[PDB]
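Taking the form deposited without the named molecule, here's one chain by itself in structure tokens.
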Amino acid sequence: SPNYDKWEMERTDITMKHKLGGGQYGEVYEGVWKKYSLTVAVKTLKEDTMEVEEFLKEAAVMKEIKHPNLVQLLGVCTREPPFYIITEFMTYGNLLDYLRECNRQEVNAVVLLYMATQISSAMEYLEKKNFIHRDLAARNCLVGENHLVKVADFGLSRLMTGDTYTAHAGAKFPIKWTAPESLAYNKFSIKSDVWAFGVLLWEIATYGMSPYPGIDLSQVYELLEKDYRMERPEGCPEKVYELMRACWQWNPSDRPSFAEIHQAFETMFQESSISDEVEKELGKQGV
């Protein structure tokens, strides 16, 4: 069979539970895959099916990639019109929703920088293999136990060339995460995804606050096109802000690579990562 998947397993082997985002995250449910007795996340695609392209693409990428910092496929069911995408159960939900509802005393600056390190590592796997996310965001990242964050699919595609305008019409969901270049010309590149990563860095440092909050959506386009980019989050280190602002560099040719971004995280997280040379802790972000 041409649409067969060894990842495709019997739906009957899963007992569904509570919906994890049936309200405003799609038709997402909790389940348990009986033959392993492990709790799972189940995406159904029955009702509105606004983006069959994007959910079916999630299955396609997860079969071509596997890493603990990319949401790992547990199975699928694409043999049936109500398409299912089965993944791991992440305890704390989306990174966006977690940070907004988390205890900032526990989930402090030091973990927040570490999330950005895990995510830049995750993206580096994709970029190495010529995959692109083009839609990178805290809502498109997940968090589980041991403060573990991982990047997800959500419009994850193959970059291949990244030779400008590499897209498929609806190649974005969140407008405030979409680059000025991508708003004006609908053009995506690896540098347009670097913008989305910068907005994600902002989200993490602001405990999940929305980019450019309180300014009108019809004005978002205007300001981003006039080279506007978010300011330093309160409690965010200067060193991280240099990186963050660089991800929002106006010229794509002057904008940093994932190589340069990774080295920036790697040096900063070995000021914090030592966790031994610094006695009596290091770094306190209040609010």
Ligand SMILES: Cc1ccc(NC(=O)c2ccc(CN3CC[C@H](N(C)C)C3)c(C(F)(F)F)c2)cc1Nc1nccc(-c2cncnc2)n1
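In this text, residue numbers run from 1 along the sequence as written.
Note that the form deposited with the named molecule bound isn't included here; everything after this is about it.
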Shown form pocket vs the named molecule in the deposited bound form, superposition, backbone/C-beta distance 2.4 Å: blocked
4.5 angstroms heavy atom contact with the named molecule in the deposited bound form for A196: no
Touches the named molecule in the deposited bound form: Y212 (any heavy atom, 4.5 Å): no
Proximity of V42 to the named molecule in the deposited bound form, heavy atoms at 4.5 Å: yes
The named molecule contact at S192 in the deposited bound form, heavy atom, 4.5 Å: no
Answer option from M230, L224, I261, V61, heavy atom within 4.5 Å of the named molecule in the deposited bound form: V61
